[PDB]
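Student: Here you go, data_17.txt (compact mmCIF, C-alpha atoms and all ligand atoms):
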```txt
# COMPACT_ATOMS: atom_id res chain seq x y z
CA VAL A 48 3.93 13.16 -19.14
CA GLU A 49 0.76 14.23 -21.04
CA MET A 50 -0.51 10.76 -20.00
CA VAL A 51 -0.85 11.54 -16.31
CA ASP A 52 -4.46 11.92 -15.21
CA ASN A 53 -5.98 10.56 -18.40
CA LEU A 54 -8.53 8.27 -16.63
CA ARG A 55 -11.89 9.19 -15.18
CA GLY A 56 -14.77 7.20 -13.80
CA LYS A 57 -17.68 6.97 -11.39
CA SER A 58 -17.14 4.71 -8.36
CA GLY A 59 -18.18 1.07 -9.02
CA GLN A 60 -18.61 1.82 -12.73
CA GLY A 61 -15.08 1.33 -14.10
CA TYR A 62 -12.34 3.70 -15.22
CA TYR A 63 -12.25 5.00 -18.83
CA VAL A 64 -9.79 6.64 -21.17
CA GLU A 65 -10.64 8.92 -24.08
CA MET A 66 -10.09 7.33 -27.51
CA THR A 67 -10.94 8.09 -31.11
CA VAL A 68 -12.03 5.60 -33.71
CA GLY A 69 -12.46 6.05 -37.49
CA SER A 70 -11.37 8.76 -39.90
CA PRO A 71 -12.39 11.54 -39.39
CA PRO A 72 -12.05 10.66 -35.65
CA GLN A 73 -15.01 9.92 -33.52
CA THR A 74 -14.40 10.58 -29.80
CA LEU A 75 -15.50 7.84 -27.36
CA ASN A 76 -14.82 7.13 -23.68
CA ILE A 77 -13.63 3.53 -23.26
CA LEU A 78 -13.47 1.35 -20.15
CA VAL A 79 -10.04 0.08 -19.30
CA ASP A 80 -10.32 -3.66 -18.81
CA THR A 81 -7.34 -5.91 -17.97
CA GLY A 82 -9.90 -8.70 -17.39
CA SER A 83 -10.75 -9.25 -21.10
CA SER A 84 -9.24 -8.94 -24.58
CA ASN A 85 -11.91 -7.55 -26.95
CA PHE A 86 -12.06 -3.88 -28.07
CA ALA A 87 -15.76 -3.19 -28.49
CA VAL A 88 -17.76 0.06 -28.73
CA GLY A 89 -21.43 0.84 -28.79
CA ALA A 90 -22.32 1.30 -32.44
CA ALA A 91 -26.08 1.84 -32.35
CA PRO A 92 -28.42 3.91 -30.07
CA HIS A 93 -29.01 2.66 -26.50
CA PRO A 94 -30.83 4.43 -23.68
CA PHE A 95 -27.60 4.60 -21.74
CA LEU A 96 -25.25 5.75 -24.53
CA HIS A 97 -24.49 9.47 -24.96
CA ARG A 98 -22.88 8.71 -28.31
CA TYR A 99 -21.77 5.75 -30.43
CA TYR A 100 -19.51 4.65 -33.24
CA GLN A 101 -20.96 5.44 -36.71
CA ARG A 102 -19.25 3.11 -39.10
CA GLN A 103 -20.83 4.78 -42.15
CA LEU A 104 -19.04 7.97 -41.33
CA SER A 105 -15.60 6.37 -41.39
CA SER A 106 -13.77 6.01 -44.65
CA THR A 107 -11.17 3.84 -42.98
CA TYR A 108 -13.68 1.36 -41.55
CA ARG A 109 -13.18 -2.17 -42.97
CA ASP A 110 -15.88 -4.85 -42.27
CA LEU A 111 -14.58 -8.35 -41.44
CA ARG A 112 -18.03 -9.97 -42.18
CA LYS A 113 -18.08 -11.86 -38.93
CA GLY A 114 -20.33 -11.61 -35.86
CA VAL A 115 -19.06 -11.86 -32.27
CA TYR A 116 -20.59 -12.38 -28.85
CA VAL A 117 -18.97 -11.64 -25.46
CA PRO A 118 -20.54 -12.62 -22.13
CA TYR A 119 -18.78 -11.32 -19.03
CA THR A 120 -19.71 -11.97 -15.29
CA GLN A 121 -23.18 -10.54 -15.75
CA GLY A 122 -23.43 -8.34 -18.84
CA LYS A 123 -23.06 -9.35 -22.46
CA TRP A 124 -23.07 -7.88 -25.99
CA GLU A 125 -23.07 -8.92 -29.55
CA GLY A 126 -21.81 -7.14 -32.61
CA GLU A 127 -19.98 -7.16 -35.87
CA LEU A 128 -16.22 -7.28 -36.32
CA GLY A 129 -14.22 -4.87 -38.46
CA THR A 130 -11.03 -2.84 -38.28
CA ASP A 131 -10.42 0.93 -38.17
CA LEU A 132 -7.89 3.55 -37.14
CA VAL A 133 -7.72 4.17 -33.39
CA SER A 134 -5.92 6.87 -31.35
CA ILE A 135 -5.63 7.76 -27.63
CA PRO A 136 -5.43 11.61 -27.49
CA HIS A 137 -4.03 11.54 -23.97
CA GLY A 138 -1.83 8.45 -24.54
CA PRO A 139 1.07 7.76 -26.90
CA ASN A 140 1.11 10.00 -29.97
CA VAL A 141 0.30 7.27 -32.52
CA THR A 142 -2.57 5.92 -34.68
CA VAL A 143 -3.03 2.29 -35.17
CA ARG A 144 -5.33 0.07 -37.14
CA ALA A 145 -7.14 -2.35 -34.76
CA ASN A 146 -9.89 -4.84 -34.61
CA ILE A 147 -13.11 -3.31 -33.28
CA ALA A 148 -16.35 -5.06 -32.38
CA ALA A 149 -19.34 -2.80 -33.22
CA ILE A 150 -21.87 -3.56 -30.49
CA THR A 151 -25.38 -3.66 -31.96
CA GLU A 152 -27.21 -5.50 -29.13
CA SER A 153 -26.40 -5.78 -25.40
CA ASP A 154 -27.87 -6.79 -22.07
CA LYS A 155 -26.73 -5.45 -18.67
CA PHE A 156 -23.57 -4.16 -20.20
CA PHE A 157 -23.88 -0.37 -20.52
CA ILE A 158 -24.41 1.41 -17.23
CA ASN A 159 -26.83 4.40 -16.84
CA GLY A 160 -24.58 7.58 -16.32
CA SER A 161 -21.15 5.82 -16.44
CA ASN A 162 -19.91 8.14 -19.25
CA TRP A 163 -18.20 5.33 -21.23
CA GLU A 164 -19.51 3.89 -24.55
CA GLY A 165 -17.05 0.98 -25.05
CA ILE A 166 -14.42 -1.32 -23.53
CA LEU A 167 -10.72 -1.89 -24.09
CA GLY A 168 -9.81 -5.50 -23.24
CA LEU A 169 -6.04 -5.31 -22.44
CA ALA A 170 -5.45 -9.05 -21.73
CA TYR A 171 -4.04 -11.61 -24.18
CA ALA A 172 -5.38 -13.11 -27.40
CA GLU A 173 -5.93 -16.52 -25.84
CA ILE A 174 -9.18 -15.24 -24.37
CA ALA A 175 -10.39 -13.02 -27.26
CA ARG A 176 -13.76 -13.83 -28.85
CA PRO A 177 -14.57 -15.42 -31.30
CA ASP A 178 -11.16 -17.03 -30.89
CA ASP A 179 -7.45 -16.26 -30.47
CA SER A 180 -6.83 -15.12 -34.00
CA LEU A 181 -8.65 -11.83 -33.23
CA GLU A 182 -5.55 -9.71 -32.33
CA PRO A 183 -6.21 -7.55 -29.22
CA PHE A 184 -5.60 -3.84 -29.35
CA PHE A 185 -2.50 -3.71 -27.29
CA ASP A 186 -0.78 -6.32 -29.48
CA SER A 187 -1.67 -4.22 -32.57
CA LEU A 188 -0.37 -1.10 -30.90
CA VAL A 189 2.99 -2.78 -30.08
CA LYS A 190 3.35 -4.41 -33.51
CA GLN A 191 2.59 -1.20 -35.41
CA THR A 192 4.51 1.35 -33.37
CA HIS A 193 7.73 1.41 -31.32
CA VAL A 194 5.80 1.42 -28.03
CA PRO A 195 7.51 -0.86 -25.49
CA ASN A 196 5.40 -3.84 -24.53
CA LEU A 197 4.24 -2.50 -21.13
CA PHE A 198 1.55 -0.43 -19.60
CA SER A 199 0.78 0.69 -16.06
CA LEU A 200 -2.37 1.67 -14.29
CA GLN A 201 -2.73 4.08 -11.31
CA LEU A 202 -6.42 3.87 -10.32
CA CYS A 203 -7.30 6.44 -7.71
CA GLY A 204 -10.99 6.54 -7.20
CA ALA A 205 -10.05 9.06 -4.41
CA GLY A 206 -12.35 12.12 -3.78
CA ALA A 216 -18.96 9.75 -7.31
CA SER A 217 -16.11 10.99 -9.53
CA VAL A 218 -12.74 9.18 -9.70
CA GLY A 219 -9.48 9.58 -11.67
CA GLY A 220 -6.14 7.96 -12.46
CA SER A 221 -3.56 7.36 -15.11
CA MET A 222 -2.90 4.75 -17.73
CA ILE A 223 0.75 5.07 -18.86
CA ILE A 224 1.52 3.14 -22.01
CA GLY A 225 5.05 2.06 -22.81
CA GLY A 226 6.60 3.07 -19.59
CA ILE A 227 6.81 3.51 -15.87
CA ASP A 228 6.14 6.95 -14.51
CA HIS A 229 8.14 7.30 -11.30
CA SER A 230 6.07 10.26 -10.09
CA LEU A 231 3.09 7.93 -9.78
CA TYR A 232 4.46 5.79 -6.92
CA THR A 233 6.67 5.70 -3.86
CA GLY A 234 9.00 3.01 -2.44
CA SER A 235 9.84 -0.04 -4.44
CA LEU A 236 8.12 -2.02 -7.11
CA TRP A 237 7.54 -5.70 -6.26
CA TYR A 238 6.94 -8.15 -9.09
CA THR A 239 4.77 -11.22 -9.31
CA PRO A 240 5.09 -13.58 -12.37
CA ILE A 241 2.30 -13.73 -14.88
CA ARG A 242 1.67 -17.39 -14.67
CA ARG A 243 0.09 -17.92 -18.06
CA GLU A 244 -0.64 -15.34 -20.75
CA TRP A 245 -4.40 -15.37 -21.16
CA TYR A 246 -5.93 -13.30 -18.39
CA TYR A 247 -3.25 -11.50 -16.34
CA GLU A 248 -3.04 -14.65 -14.18
CA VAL A 249 -1.09 -14.50 -10.89
CA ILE A 250 -0.65 -16.62 -7.75
CA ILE A 251 -1.72 -15.76 -4.19
CA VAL A 252 0.33 -17.75 -1.67
CA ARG A 253 -1.09 -16.47 1.67
CA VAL A 254 -4.01 -14.33 2.97
CA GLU A 255 -4.03 -12.63 6.38
CA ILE A 256 -6.75 -10.59 8.12
CA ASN A 257 -5.50 -8.31 10.98
CA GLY A 258 -2.19 -10.30 10.44
CA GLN A 259 -3.98 -13.65 11.16
CA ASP A 260 -3.35 -16.30 8.48
CA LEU A 261 -6.47 -17.87 7.02
CA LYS A 262 -4.50 -21.19 7.25
CA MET A 263 -5.72 -22.80 4.02
CA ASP A 264 -3.83 -24.88 1.50
CA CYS A 265 -2.60 -22.05 -0.84
CA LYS A 266 -4.06 -23.68 -3.97
CA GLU A 267 -7.52 -22.77 -2.55
CA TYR A 268 -6.68 -19.09 -3.01
CA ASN A 269 -6.14 -19.74 -6.75
CA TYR A 270 -8.99 -22.06 -7.34
CA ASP A 271 -8.99 -22.33 -10.39
CA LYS A 272 -7.16 -19.16 -11.49
CA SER A 273 -6.46 -15.78 -9.90
CA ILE A 274 -6.38 -12.67 -12.07
CA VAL A 275 -5.76 -8.92 -11.95
CA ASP A 276 -8.88 -7.31 -13.36
CA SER A 277 -9.43 -3.55 -13.66
CA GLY A 278 -12.93 -4.34 -15.19
CA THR A 279 -14.21 -5.89 -12.01
CA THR A 280 -15.00 -3.71 -8.99
CA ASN A 281 -14.67 -6.11 -6.07
CA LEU A 282 -12.06 -8.44 -4.63
CA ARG A 283 -13.78 -11.69 -5.50
CA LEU A 284 -12.76 -14.89 -3.64
CA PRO A 285 -13.48 -18.56 -4.17
CA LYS A 286 -16.27 -19.67 -1.82
CA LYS A 287 -14.10 -21.48 0.76
CA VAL A 288 -11.67 -18.48 1.00
CA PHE A 289 -14.58 -15.93 0.92
CA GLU A 290 -16.33 -17.70 3.88
CA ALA A 291 -13.06 -17.89 5.89
CA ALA A 292 -12.32 -14.24 5.17
CA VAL A 293 -15.83 -13.05 6.12
CA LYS A 294 -15.64 -14.98 9.40
CA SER A 295 -12.30 -13.27 10.21
CA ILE A 296 -13.47 -9.76 9.28
CA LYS A 297 -16.69 -10.31 11.35
CA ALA A 298 -14.57 -11.36 14.36
CA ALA A 299 -12.23 -8.33 13.99
CA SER A 300 -15.17 -5.92 13.72
CA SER A 301 -17.48 -7.54 16.25
CA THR A 302 -18.03 -4.36 18.29
CA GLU A 303 -20.77 -3.77 15.70
CA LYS A 304 -23.07 -6.30 14.09
CA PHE A 305 -24.23 -5.97 10.52
CA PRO A 306 -27.05 -7.74 8.66
CA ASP A 307 -26.15 -10.78 6.66
CA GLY A 308 -27.23 -8.81 3.53
CA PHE A 309 -24.31 -6.49 4.11
CA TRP A 310 -21.76 -9.33 4.05
CA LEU A 311 -23.42 -10.71 0.88
CA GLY A 312 -22.94 -7.33 -0.87
CA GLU A 313 -26.65 -6.76 -1.22
CA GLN A 314 -27.27 -4.11 1.49
CA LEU A 315 -25.56 -0.88 2.39
CA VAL A 316 -24.16 -0.02 5.81
CA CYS A 317 -24.57 3.64 6.86
CA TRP A 318 -23.09 5.92 9.46
CA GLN A 319 -23.89 9.53 10.21
CA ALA A 320 -21.58 11.54 7.87
CA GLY A 321 -17.89 11.75 8.96
CA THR A 322 -18.28 9.00 11.65
CA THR A 323 -17.41 5.83 9.73
CA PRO A 324 -15.61 3.62 12.35
CA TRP A 325 -12.59 2.63 10.11
CA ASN A 326 -10.63 1.35 13.10
CA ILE A 327 -13.06 -1.52 13.90
CA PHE A 328 -12.35 -3.12 10.46
CA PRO A 329 -9.11 -5.06 9.86
CA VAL A 330 -6.61 -4.68 7.12
CA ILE A 331 -6.33 -7.54 4.59
CA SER A 332 -2.98 -8.70 3.32
CA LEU A 333 -2.64 -10.64 0.07
CA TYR A 334 0.76 -12.27 -0.38
CA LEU A 335 1.64 -12.81 -4.07
CA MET A 336 4.22 -15.23 -5.41
CA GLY A 337 7.58 -13.52 -5.94
CA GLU A 338 10.06 -13.81 -8.78
CA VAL A 339 12.22 -16.22 -6.74
CA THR A 340 11.27 -19.67 -5.38
CA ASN A 341 9.32 -19.60 -2.12
CA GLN A 342 9.62 -15.80 -1.78
CA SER A 343 6.58 -13.49 -1.72
CA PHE A 344 5.60 -9.97 -1.04
CA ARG A 345 2.35 -8.66 0.44
CA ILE A 346 -0.09 -5.94 -0.63
CA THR A 347 -2.08 -4.67 2.28
CA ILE A 348 -5.46 -3.15 1.85
CA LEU A 349 -7.49 -0.99 4.27
CA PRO A 350 -11.22 -0.96 4.86
CA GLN A 351 -11.22 2.40 2.92
CA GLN A 352 -10.61 0.18 -0.13
CA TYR A 353 -12.99 -2.75 0.60
CA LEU A 354 -15.94 -0.76 1.98
CA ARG A 355 -16.85 1.09 -1.24
CA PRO A 356 -18.75 4.36 -0.75
CA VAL A 357 -22.13 4.54 -2.59
CA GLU A 358 -22.90 8.20 -3.51
CA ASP A 359 -26.57 8.98 -3.33
CA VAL A 360 -27.82 12.40 -2.52
CA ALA A 361 -30.92 10.77 -0.98
CA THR A 362 -28.84 9.04 1.75
CA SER A 363 -26.37 11.92 2.16
CA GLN A 364 -26.97 12.86 5.80
CA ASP A 365 -24.97 9.54 6.06
CA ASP A 366 -21.94 7.94 4.49
CA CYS A 367 -23.03 4.54 3.16
CA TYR A 368 -20.95 1.65 1.92
CA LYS A 369 -21.25 -1.68 0.11
CA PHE A 370 -18.95 -4.53 1.19
CA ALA A 371 -16.71 -4.90 -1.89
CA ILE A 372 -15.47 -8.49 -1.21
CA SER A 373 -17.76 -11.07 -2.89
CA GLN A 374 -17.91 -14.74 -3.77
CA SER A 375 -16.56 -16.05 -7.07
CA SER A 376 -17.20 -19.41 -8.75
CA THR A 377 -14.62 -18.49 -11.32
CA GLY A 378 -11.37 -17.94 -9.27
CA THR A 379 -9.98 -14.91 -7.25
CA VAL A 380 -10.37 -11.65 -9.01
CA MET A 381 -8.18 -8.77 -7.85
CA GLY A 382 -10.55 -6.00 -8.96
CA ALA A 383 -10.39 -2.23 -8.77
CA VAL A 384 -10.83 -2.32 -4.95
CA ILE A 385 -7.39 -3.82 -4.62
CA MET A 386 -5.78 -1.95 -7.50
CA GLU A 387 -6.81 1.44 -6.12
CA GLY A 388 -3.89 3.27 -4.36
CA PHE A 389 -1.31 0.99 -5.97
CA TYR A 390 0.61 1.67 -9.11
CA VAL A 391 0.29 -1.58 -11.08
CA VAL A 392 2.69 -2.26 -13.90
CA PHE A 393 1.62 -4.80 -16.52
CA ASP A 394 5.10 -5.70 -17.72
CA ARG A 395 4.13 -7.94 -20.65
CA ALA A 396 7.70 -7.89 -21.99
CA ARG A 397 9.07 -9.61 -18.83
CA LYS A 398 5.90 -11.61 -18.15
CA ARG A 399 5.32 -10.08 -14.69
CA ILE A 400 3.14 -7.55 -12.88
CA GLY A 401 4.65 -4.99 -10.55
CA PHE A 402 2.91 -3.34 -7.54
CA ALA A 403 4.10 -0.19 -5.70
CA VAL A 404 2.28 2.22 -3.34
CA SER A 405 0.79 4.94 -5.58
CA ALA A 406 0.88 8.68 -5.14
CA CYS A 407 -2.89 8.48 -4.40
CA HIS A 408 -2.44 5.80 -1.77
CA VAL A 409 -4.91 4.91 0.90
CA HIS A 410 -4.03 6.44 4.16
CA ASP A 411 -5.49 7.23 7.57
CA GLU A 412 -3.59 8.73 10.57
CA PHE A 413 -3.10 5.17 11.97
CA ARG A 414 -2.58 2.81 8.98
CA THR A 415 -1.40 2.93 5.36
CA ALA A 416 -1.81 0.52 2.38
CA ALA A 417 1.58 -1.01 1.70
CA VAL A 418 3.58 -3.17 -0.68
CA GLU A 419 6.36 -4.90 1.13
CA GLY A 420 8.70 -7.91 1.16
CA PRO A 421 10.34 -10.27 1.01
CA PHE A 422 8.69 -13.04 2.92
CA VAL A 423 9.97 -16.61 2.78
CA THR A 424 8.18 -19.97 3.04
CA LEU A 425 10.46 -23.05 3.19
CA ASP A 426 7.31 -25.28 2.89
CA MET A 427 7.61 -26.62 -0.75
CA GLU A 428 4.03 -26.49 -2.21
CA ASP A 429 3.22 -24.86 -5.56
CA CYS A 430 0.13 -22.65 -5.00
CA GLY A 431 -0.99 -22.88 -8.62
CA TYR A 432 -4.25 -24.71 -8.89
CA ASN A 433 -3.67 -26.74 -12.03
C1 LIG B 1 -17.79 -7.33 -13.75
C2 LIG B 1 -17.39 -7.76 -15.19
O1 LIG B 1 -17.99 -8.66 -15.82
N1 LIG B 1 -16.35 -7.12 -15.68
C3 LIG B 1 -15.81 -7.32 -17.06
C4 LIG B 1 -15.75 -5.96 -17.75
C5 LIG B 1 -17.12 -5.25 -17.78
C6 LIG B 1 -17.09 -3.86 -17.56
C7 LIG B 1 -18.31 -3.15 -17.51
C8 LIG B 1 -19.53 -3.78 -17.74
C9 LIG B 1 -19.56 -5.17 -17.93
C10 LIG B 1 -18.34 -5.92 -17.99
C11 LIG B 1 -14.41 -7.99 -16.94
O2 LIG B 1 -13.85 -8.28 -18.26
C12 LIG B 1 -14.57 -9.34 -16.21
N2 LIG B 1 -13.28 -10.01 -16.18
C13 LIG B 1 -13.29 -11.47 -16.15
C14 LIG B 1 -14.04 -11.92 -14.83
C15 LIG B 1 -14.21 -13.46 -14.83
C16 LIG B 1 -13.00 -14.33 -15.14
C17 LIG B 1 -14.75 -13.88 -13.44
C18 LIG B 1 -15.39 -13.73 -15.81
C19 LIG B 1 -15.04 -13.13 -17.16
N3 LIG B 1 -15.54 -13.41 -18.40
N4 LIG B 1 -14.85 -12.54 -19.27
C20 LIG B 1 -15.24 -12.69 -20.66
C21 LIG B 1 -14.33 -13.60 -21.48
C22 LIG B 1 -14.51 -15.08 -21.01
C23 LIG B 1 -14.75 -13.45 -22.93
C24 LIG B 1 -12.84 -13.20 -21.36
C25 LIG B 1 -13.94 -11.70 -18.65
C26 LIG B 1 -14.07 -12.07 -17.29
```
Is it possible to express this structure as structure tokens?
Ligand SMILES: CC(=O)N[C@@H](Cc1ccccc1)[C@H](O)CN[C@H]1CC(C)(C)Cc2nn(CC(C)(C)C)cc21
Tutor:
Amino acid sequence: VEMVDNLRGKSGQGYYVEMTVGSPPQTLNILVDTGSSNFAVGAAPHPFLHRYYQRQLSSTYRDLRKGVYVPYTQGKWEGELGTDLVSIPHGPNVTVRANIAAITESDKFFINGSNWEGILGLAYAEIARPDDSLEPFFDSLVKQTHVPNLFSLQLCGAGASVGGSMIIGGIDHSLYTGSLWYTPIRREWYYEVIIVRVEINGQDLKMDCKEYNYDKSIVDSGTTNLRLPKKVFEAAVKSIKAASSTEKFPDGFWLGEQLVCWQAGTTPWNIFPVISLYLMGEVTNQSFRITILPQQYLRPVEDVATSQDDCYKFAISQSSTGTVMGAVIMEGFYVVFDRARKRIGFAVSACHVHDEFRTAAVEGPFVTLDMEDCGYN
């Protein structure tokens, strides 16, 4: 399909897809964000924008006469709502009319050299700003075209520059191997899921499973790290420390605020454990596990200045807002957002993570006869 390899990015800075807005079409790169539900594009000059949406140049622009403000984990923006024609040159061969927030002010949102100038929130209307009557893009796309109500993401961030695919309307079987395991979307707002068990080096963290979903867990392509509620993050760090205790790192490293560096080519991958996240299955008390390697959770930081070394930031961090399965954990899986059947599917992706000793995996089933719902509330 002409859709394969339509994502690009820089590591830690999100993955983006080419879109056009307006008529005649204005080309913009747009961040793919399953962690939010607003379509917003820079629409005035900013030191970090290479280009921006010029509403005056679009004869199909319609102004909704309504402001909007979106704060995310750290960045935020404000702008003006309207609608316009939108296309995805390397996606489905359609043009739809969609709501678009024209960002006119922002703080800590745009990133210097990221190459994107806007954001596609792919989650549900329940969390759109200003409220749930602002129809999200994907809903408009499905309503206006015959595109099936499903999209999949293969995020590779493999060899700063990263790639992948966003396949809309379909499952591309050349993008994964083995089977697809499905977890139910628990509620349609974020892509909310349920983690039932966490292991490090195969050792269970032995917590009540509701702690892992305090107070929701989501799948979030717009967030880099695996973020964990404090109690789970502390338990996990203790475990990973213990597994890797042949070397000691500063506390700043574990807090995500300092790099760790090894002379180029010598990163000791084998001293770090794998992490397994077990997700609720489609049948009662069954689960499957996705297993992640330290090549995924030690994120490389490209910097020519430090390049006699390879240097890494620890990409597991504390959350006061629930577990966030960010790009770290999506990378090397093919993740299918099957909105039509209210589930998300995971399979090992054609760009999987891989070492001569260990491989990321998606595998099941696992059973737990213990009858506790792991949903927080
Ligand atoms: C790290 C981050 O904030 N990512 C957001 C996307 C983004 C991409 C580039 C620059 C800045 C922001 C992504 O949407 C975050 N997803 C969730 C992460 C949460 C649940 C911990 C907090 C939150 N707030 N929002 C905003 C809203 C409440 C309006 C849905 C989205 C989210």
Student: So that I can see what lies close to residue 71 of chain A, please list as a short mmCIF file (atom, residue, chain, number, x, y, z; two decimals) with C-alpha atoms, in the coordinates of the input the residues with an atom at most 12 Å from it, counting all atoms listed in the file and leaving out residues fewer than 5 positions away in the same chain.
Tutor:
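Output contents, as saved in around-v2.cif:
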```cif
data_model
loop_
_atom_site.label_atom_id
_atom_site.label_comp_id
_atom_site.auth_asym_id
_atom_site.auth_seq_id
_atom_site.Cartn_x
_atom_site.Cartn_y
_atom_site.Cartn_z
CA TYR A 100 -19.51 4.65 -33.24
CA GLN A 101 -20.96 5.44 -36.71
CA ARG A 102 -19.25 3.11 -39.10
CA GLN A 103 -20.83 4.78 -42.15
CA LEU A 104 -19.04 7.97 -41.33
CA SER A 105 -15.60 6.37 -41.39
CA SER A 106 -13.77 6.01 -44.65
CA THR A 107 -11.17 3.84 -42.98
CA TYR A 108 -13.68 1.36 -41.55
CA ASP A 131 -10.42 0.93 -38.17
CA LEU A 132 -7.89 3.55 -37.14
CA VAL A 133 -7.72 4.17 -33.39
CA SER A 134 -5.92 6.87 -31.35
#
```
Student: How would you write, as a VMD selection string, the set of residues no farther than 8 Å from ligand LIG 1 (chain B) when counting all atoms listed in the file?
Tutor: chain A and resid 60 to 61 78 80 to 85 117 to 123 155 to 158 166 168 174 to 176 246 274 276 to 280 375 to 380
Student: Put a box with edges along x, y and z around all the listed atoms of segment 120-125 of chain A, pad it by 3 Å on each side, then give me its centre and sizes in Å, one decimal, as JSON.
Tutor:
```
{"center_x": -21.6, "center_y": -9.9, "center_z": -22.4, "size_x": 9.7, "size_y": 10.1, "size_z": 20.3}
```
Student: Compare A:348, A:288, A:149, A:48 by their minimum atom-to-atom distance to residue 410 of chain A, counting all atoms listed in the file, and give me the closest one.
Tutor: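 Among the listed residues, the smallest separation from residue 410 of chain A belongs to A:348.
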Student: Which polymer residues have any atom within 10 Å of an atom of residue 356 of chain A, counting only C-alpha atoms, with same-chain residues fewer than 5 positions away left out, as a ChimeraX atom specification?
Tutor: /A:58-59,216,315-317,351,366-371
Student: Which residues, written as a list in words, have at least one atom at most 10 Å from residue 52 of chain A, with only C-alpha atoms counted and residues fewer than 6 positions away on the same chain left out?
Tutor: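 Once the adjacent positions are removed, what remains is residues 64, 137, 201, 202, 203, 219, 220, 221, 222 and 223 of chain A.
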Student: Can you pull out the residues contacting segment 177-180 of chain A? Cut-off 9 Å, using all atoms listed in the file, and skip same-chain residues under 6 positions away; I want them as number ranges by chain.
Tutor: A: 114-117, 171
Student: Rank A:227, A:218, A:333, A:403 by their smallest atom-to-atom distance to residue 358 of chain A, using all atoms listed in the file, and report the top residue only.
Tutor: A:218
Student: Which is closest to residue 404 of chain A among A:273, A:159, A:347, A:364, if we use all atoms listed in the file?
Tutor: A:347
Student: Pick out the residues sitting within 10 Å of residue 260 of chain A, and hand them over as a list in words; count only C-alpha atoms, and ignore anything fewer than 5 positions along from it in its own chain.
Tutor: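 Near residue 260 of chain A, the qualifying residues are residues 253, 254, 255, 292, 295 and 332 of chain A.
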Student: Measuring atom to atom with all atoms listed in the file, identify which of A:420, A:69, A:306, A:350 is nearest to residue 143 of chain A.
Tutor: A:69
Student: Tell me which of A:49, A:65, A:429, A:387 sits closest to residue 405 of chain A, counting all atoms listed in the file.
Tutor: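 The closest residue to residue 405 of chain A is A:387.
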Student: Counting all atoms listed in the file, which of A:363, A:297, A:75, A:396 gets nearest to residue 321 of chain A?
Tutor: A:363
Student: What's the separation between atom CA of residue 263 of chain A and atom CA of residue 329 of chain A, in Å to one decimal place?
Tutor: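 Between atom CA of residue 263 of chain A and atom CA of residue 329 of chain A the gap works out to 19.0 Å.
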Student: In Å, how far is it from atom CA of residue 270 of chain A to atom CA of residue 431 of chain A?
Tutor: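 Computing it gives 8.1 Å between the two atoms.
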Student: Could you tell me how far atom CA of residue 323 of chain A lies from atom CA of residue 390 of chain A, in Å and to one decimal?
Tutor: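 If I compute the distance from atom CA of residue 323 of chain A to atom CA of residue 390 of chain A, I get 26.4 Å.
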Student: Using 9 Å as the limit and counting only C-alpha atoms, can you tabulate each residue of segment 87-162 of chain A that touches segment 187-197 of chain A, with its shortest atom-to-atom distance in Å and the two atoms involved, as JSON lines?
Tutor:
```
{"residue": "A:139", "atom": "CA", "partner": "A:194", "partner_atom": "CA", "distance": 8.0}
{"residue": "A:141", "atom": "CA", "partner": "A:192", "partner_atom": "CA", "distance": 7.3}
{"residue": "A:142", "atom": "CA", "partner": "A:188", "partner_atom": "CA", "distance": 8.3}
{"residue": "A:143", "atom": "CA", "partner": "A:188", "partner_atom": "CA", "distance": 6.1}
{"residue": "A:144", "atom": "CA", "partner": "A:187", "partner_atom": "CA", "distance": 7.3}
{"residue": "A:145", "atom": "CA", "partner": "A:187", "partner_atom": "CA", "distance": 6.2}
{"residue": "A:146", "atom": "CA", "partner": "A:187", "partner_atom": "CA", "distance": 8.5}
```
